[PDB]
């Protein structure tokens, strides 16, 4: 009988470097003989023995004949699939866990937990799966597209925590947190503080007592709402990050937003999921973030870091760590996960590189990875190498 998964100290290191790239459409030529699935919202989650590359497929492949609708998000064909990290997600390589248009997954040291959301926008549903068995569900509370993270949930000692949210994308979406255990929701936490809008949270353990999240506000601010969940008391609390380096997209020039740490500024309506991961140290804490290069568009991607301080009250601009993707290459959703080494965890940042060619063609993505290893500075940037017209 295996033991439960706990957050440990991150491995020694001080910089991020190009780790691996997964460009399934470098094989989808009309001339080729492969069949990569058309997907979006990819994310990596790892257990003690393996890392898995999850994603949301449109139950279609390239080359294929159902490209129409792949640019849309919610529908009755969307499914959450996954391949082992390092394998091209093809029709046969892949595994379909369930039907869903929003999802998350996390391993608890013993078994996998898959989360999926599907159903009518006004009464959607969150379905928990433990291994091969469907174990539970959660209903919509705001009755407007119940959705989840699009990144790994976080398990500790057997209890897993997962952010959920219901509401308008241009209005109010108060997020919620579910304390899931062995597939069954044993609790539902109501966060305190700034909650006008909080979705697509990238959560991770800052320690054995706290989980933090860098989220997305789609209608009020270019600042990223920041969650701090006290695992010990299952209580949460949110409030806009205070640094000058706004991590959302779109966003105004750094420092452009006048006022205290709670000022939303101009709506800058819209947003994007941002990478975020922790570097746990015996007496210090590293916080790595990623943000698109273009301020208005999803192009490029840079890495930031800030050791210690309270993101809630620290307005000091973050430290630039590197360019993971140039402005000529797509830089869309991003996320964090942590590989488990023998005695330490390895913080990494995955990046969704969408191949957008309009609604008239297929719409898929590549997944570039970057992990903490060694010292110095980020050396190389990433490219998908795909030519959509093939």
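Positions refer to the first chain, counted from 1.
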Mean C-alpha B-factor higher for 198-206, or for 171-179?
171-179
Quick one: higher average CA temperature factor, 106-114 or 246-254?
246-254
Residue with maximal Cα B-factor (values as given in the PDB entry) among 58, 31, 52, 26
31
What's the residue among 141, 134, 304, 96 with the greatest CA temperature factor in the PDB record?
141
Among the chain's modelled residues, which third holds the C-alpha B-factor of residue 37?
middle
Consider only the C-alpha atoms of the modelled residues in this chain, order them by B-factor as the entry records it, and name the third containing residue 9: lowest, middle or highest.
highest
Within-chain third of residue 326 by Cα B-factor, per the entry
middle
Lowest, middle or highest third: which one holds residue 219 when the chain's residues are ordered by CA B-factor from the entry?
highest
Tell me, lowest, middle or highest third: where does the Cα B factor of residue 69 rank within its chain?
middle
